[PDB]
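Chemist: fold the following for me, if possible:
(2 chains, ligands or ions: 1)
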Amino acid sequence: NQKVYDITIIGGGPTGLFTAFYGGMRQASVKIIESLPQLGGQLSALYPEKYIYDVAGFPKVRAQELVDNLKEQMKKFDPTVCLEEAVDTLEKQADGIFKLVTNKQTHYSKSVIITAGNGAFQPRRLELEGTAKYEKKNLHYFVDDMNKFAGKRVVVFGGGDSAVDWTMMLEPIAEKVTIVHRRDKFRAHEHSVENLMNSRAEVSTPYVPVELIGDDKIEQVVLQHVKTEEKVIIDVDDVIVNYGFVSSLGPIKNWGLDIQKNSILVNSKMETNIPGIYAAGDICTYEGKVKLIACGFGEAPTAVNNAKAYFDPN
Amino acid sequence: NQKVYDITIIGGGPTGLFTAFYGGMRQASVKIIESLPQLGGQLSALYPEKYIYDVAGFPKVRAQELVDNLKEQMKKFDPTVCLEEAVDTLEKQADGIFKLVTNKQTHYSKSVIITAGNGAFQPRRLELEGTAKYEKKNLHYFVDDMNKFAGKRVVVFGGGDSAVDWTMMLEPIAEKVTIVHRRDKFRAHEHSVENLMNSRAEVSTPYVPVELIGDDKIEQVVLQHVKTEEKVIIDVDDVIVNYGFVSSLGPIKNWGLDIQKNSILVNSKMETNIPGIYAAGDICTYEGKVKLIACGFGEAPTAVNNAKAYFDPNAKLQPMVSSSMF
Ligand SMILES: Cc1cc2nc3c(=O)[nH]c(=O)nc-3n(C[C@H](O)[C@H](O)[C@H](O)COP(=O)(O)OP(=O)(O)OC[C@H]3O[C@@H](n4cnc5c(N)ncnc54)[C@H](O)[C@@H]3O)c2cc1C
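Modeler: Residues are numbered from 1 along each chain as shown, chains lettered A, B, ... in the order given. Here you go, the structure:
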């Protein structure tokens, strides 16, 4: 958007959602940039169902059940949420405005608050050749709509819970749905795996894919047995990968921020070495910093107010 | 008894309750000392029924329900709860152990975390030493039951956070709820004033009352602007004063702690100037500190871990992930 905002939040993590809540709380046009197509950061991506106990007020809380509590607390102000954008450049222009260039567009902000935790959460890719031409066409890593694969032969890679449920959702939808894993025992919930055999889903296991046959759309996938090392091809139309999520800093170190051991040096005002750029959550660090969500929750409003004193004279 | 505890927490308020939980999170014998006869601190005593919205994770949670969610969260470690004790002396003896003397007995701790308010029980009123009879009847300072002001016309005097929210929570119950302040800007969070204007709650600008029409109960309040001197009478059933300019620290001032603005000055490690003494919540202060519950909850584990690293060297600062302790 060409409209410069007031606070642009790098990271849709738990610190980023609650900080987005506090932005409107001080009359701030709030913009969130997230590398994922989903909010939640580490919780929604790495452990959404697990119970967390050291969050203030929650003797027992699910990770994602708290995320919805943060999104609902946040939708009270409706910030401009720009998903599927990984911030690449963060540069201060001649007038103090920050120029943020992502993979989509360039966003502008009077101040930028970086709640990025450990890095950007782009999914785990493959380990083949330049599949970018498959990725732009029929090679997917996220499931937006499941019905787009109805009547098409679809292959699924992975063994986790995330992979098995996606396959079980394609049994009455996908023409031919096959799930591939490297071991005979799916690293998933046991009673959901039992339903996978009690369905029309072909279960190829233990297999690992090798060759992605397709001129530009993947139409055949060459497998290979873990023990006998025989190659088995199955004709496909779309390919779905669910191995898990990965994070990494990348361009974060090259933004002129004092970074030592993948953490931004911030003061008690949550101010980095760049005026107008603030950080909170686990991505920040200082004397006695404890990498917690409870601490990241207390670093968020401190970061909004000290930025409010940066871009708005009271 | 003569147990040299590990962490003795001054204050059974909301910040101290979460701090007591996180003490057990690092395997610390926890002692809580509270001047009130009840835990909850400011919440259980001054507004136990009101709804809180700026708590991380709770878009809308009741105050006492938040206290009970903390007490339920805390009883996982069963800290030593000493009620009705106001710490008078806090001295570090020759071996580093702190000696705490309350009105009752002498307690011991390896380290001390100060989460208490002031030890007292007083918001802040105006300057009339008469009218003493309205307070026993309809001039209130505290929200006990929300229904006692329901169906009654309630007028509120003040501009702080307490004045704007009480007016906003009396809007769907009280016939006429009015907020009166001595200044042109309600010094509150911006969206609580935004919700204050967008309702039937009558919003009185800077006014100062004159005539409390009543032999013992105020039934009409004749107003007066601080500068323009306009007379506005408002029919009321209850009269509410919500200034709340904090209050003096008291026995905290005599402990050798660097104090700025009735608040203990702490570093980013939540350390006071005394090694082994920590402070968090609204009682602590530093650069850009915001007197919030969101901040005070985030300052609490900062102090527990830095204290676990104070009295126990071979313990990692970064703790064990919470899921791996259940
Ligand atoms: C398995 C596990 C268990 C845990 N258990 C606990 C526990 O019990 N208690 C506890 O207190 N803490 C726990 N934690 C820690 C907790 O998850 C973190 O402290 C918390 O997530 C910090 O919030 P954050 O937003 O800074 O991190 P994150 O959730 O990592 O936020 C990072 C977000 O920013 C985005 N992002 C990053 N870089 C970019 C970029 N360049 N462009 C665009 N978007 C970007 C990412 O996509 C992501 O959404 C646990 C962590 C893990 C991994």
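Chemist: quick one: end-to-end distance for stretch A:121-132.
Modeler: Start-to-end span of stretch A:121-132 (CA to CA, to the nearest Å) is 18 Å.
Chemist: ok, and what's touching the longest strand along chain A?
Modeler: Identified as the longest strand of chain A according to DSSP state E is strand A:106-114. Strand A:106-114 is contacted from outside by A:1-11, A:19, A:31, A:33, A:82, A:85, A:90, A:96-100, A:252, A:257, A:264, A:272, A:276-280, A:283, A:303-304, A:307, A:310-311, using CB atoms under 8 Å, 6 or more residues apart in numbering or on different chains. (C-beta placed from N, C-alpha, C; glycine too.)
Chemist: so how far is the very next helix or strand once past that strand off the chain centroid?
Modeler: Using DSSP states H and E, the next helix or strand after strand A:106-114 towards the C-terminus is helix A:132-135. Here the centre of helix A:132-135 is set off from its chain's centre by 20 Å, with CA atoms, centre = their mean, to the nearest Å.
Chemist: do the same with stretch A:28-46
Modeler: 7 Å.
Chemist: can you mark which positions in that stretch are buried?
Modeler: Neighbour counts over stretch A:28-46 (16 or more other CB atoms under 10 Å in any protein chain shown) mark A:28-36, A:39-45 as buried.
Chemist: same deal with stretch A:239-249?
Modeler: Buried positions in stretch A:239-249, judged by neighbour count with 16+ other CB under 10 Å: A:239, A:240, A:241, A:242, A:243, A:245, A:247.
Chemist: in helices, which of the contacts of strand A:106-114 appear?
Modeler: Judged by DSSP state H, the contacts of strand A:106-114 include A:19, A:303, A:304, A:307, A:310, A:311 as members of helices.
Chemist: most neighbours out of the residues you listed, which is it?
Modeler: Counting neighbours by other CB atoms under 10 Å in any protein chain shown, residue A:19 comes out on top of the ones in helices among the contacts of strand A:106-114 with 34 neighbours.
Chemist: hang on, the earlier thing: closest one of the ones in helices among the contacts of strand A:106-114 to residue A:186?
Modeler: Lowest distance from residue A:186 to these (CB to CB) belongs to residue A:19, with 37.8 Å.
Chemist: leaving out sequence neighbours, find the closest residue to the closest one.
Modeler: Nearest residue to residue A:19, sequence neighbours excluded (CB to CB, 6 or more residues apart in numbering or on different chains): residue A:300, at 3.8 Å.
Chemist: in three-state terms, label that neighbour for me.
Modeler: The three-state label given to residue A:300 by DSSP: H, G, I helix; E, B strand; the rest coil is helix.
Chemist: show me which residues of the stretch 1-150 of chain A sit near chain B.
Modeler: Residues of the stretch 1-150 of chain A lying close to chain B by CB under 8 Å from any CB of the partner chain are A:18, A:21-22, A:24-27, A:50-59, A:61, A:66, A:69-70, A:72-73, A:76-77.
Chemist: quick one, domains of chain A?
Modeler: If you go by automatic domain parsing, the domain ranges for chain A are A:5-122+A:246-311, A:132-241.
Chemist: from memory residue A:239 sits against residue A:220, does it?
Modeler: No. Contact criterion CB atoms under 8 Å: residue A:239 and residue A:220 do not qualify, at 10.1 Å.
Chemist: excluding chain neighbours, what is closest to residue A:39?
Modeler: Nearest residue to residue A:39, sequence neighbours excluded (CB to CB, 6+ apart): residue A:12, at 4.3 Å.
Chemist: from memory the one you found sits against residue A:37, does it?
Modeler: No. If you go by CB under 8 Å, residue A:12 and residue A:37 don't touch, sitting 9.9 Å apart.
Chemist: closest point of the stretch 51-200 of chain A to the ligand, which residue?
Modeler: Evaluated by CB to the nearest ligand atom, the stretch 51-200 of chain A has residue A:117 as its residue closest to the ligand, separated by 2.2 Å.
Chemist: close to the ligand: what parts of the stretch 151-300 of chain A are there?
Modeler: Within the stretch 151-300 of chain A, the positions lying close to the ligand (CB under 6 Å from any ligand atom) are A:252, A:281, A:282, A:283, A:291, A:292, A:293, A:294, A:296.
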